[PDB]
Every structure is written in C-alpha cells, then in structure tokens.
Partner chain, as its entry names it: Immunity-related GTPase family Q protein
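Just one chain is shown here, as structure tokens, and it is the form deposited without the partner chain.
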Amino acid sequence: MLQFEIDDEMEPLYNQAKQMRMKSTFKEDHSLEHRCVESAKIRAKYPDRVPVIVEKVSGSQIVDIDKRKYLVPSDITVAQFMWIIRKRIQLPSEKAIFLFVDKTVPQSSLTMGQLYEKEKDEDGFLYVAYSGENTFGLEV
C-alpha cells in the first residue's frame, strides 16, 4: 500500500532462511492429494501396519531422527514405539523422551492401531512428535 513497515510476520522467516546450507516436514514436502493416495496404498497393501510420520518438536534441543516414515505393526504399544524412537536416536535411558499426538501425550498402553484409527490425520497418516526435556540453555 502507501505505508510500509518491518513486517513482524516475515522477520522469523528471514532469520530462518539465513540458516541454510532444509528440514522441511512431510506435509511441507508432499501435496495433500499425494499423501492421501500414498496412505490409502499403504493401508491396502499392509492391512496390519499403521503409517506414522515421526518429527522432532520444532525448536527442541534433542537430536533429530534420521528416518521419519514408519510402517508400524498395529499391535505395537505407545510405550514400545517410544522405545523404538529412543533406540533410533540413541537417547540414553537416563534422559526423558516424550511423544505427542495432537499436542498431547498419548497413554502409553494404547496400541498404535487404536491411536491410528482415532487420531489419524485427514491425509491418512498418524503424526507423532517427539522431544526431550528443555534445559532452556541453563546449567543442569
């Protein structure tokens, strides 16, 4: 328009862009149509597997995971899948880990099949975030 201003909405995008040598998410990489087609294929081909996308909570200080797409046996429990993720990122047992579905911590005795049927995304994947504890950069 006529006036202008340092757009506070854009400033985080500029700051994030300057730190590029891209950790884009599964949803940012693939259209909704493509994700829907893919999850339908997975469910047709592997009826007892739940397609899960695992991503670190944005900004968490825990190490990132090398693999984000998992075809998980439906009878695996939340606790068991948490152990699998812990093994994948090699987080020592003494350090806590947390899984989040819809920004809450799923009860650990639920199966991934239960959680999938109730909490799957519109695109047919179950999205699971993980983090550790936050030290806020303080002396622990």
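Positions refer to the first chain, counted from 1.
Keep in mind that the form deposited with the partner chain bound is not shown, yet the notes after this line are about it.
- Each of 33, 36 and 41 comes within 4.5 Å of the partner chain in the bound PDB entry, counting any heavy atom.
- Within 4.5 Å of some heavy atom of the partner chain in the bound PDB entry lies at least one heavy atom of residue 71.
- Though the partner is left out of this view, residue 86 does not reach within 4.5 Å of the partner chain in the bound PDB entry, counting heavy atoms only.
- Though the partner is left out of this view, residue 56 does not reach within 4.5 Å of the partner chain in the bound PDB entry, counting heavy atoms only.
- For the chain shown alone, residue 125 is a contact residue for the partner chain in the bound PDB entry, at least one non-hydrogen atom being within 4.5 angstroms.
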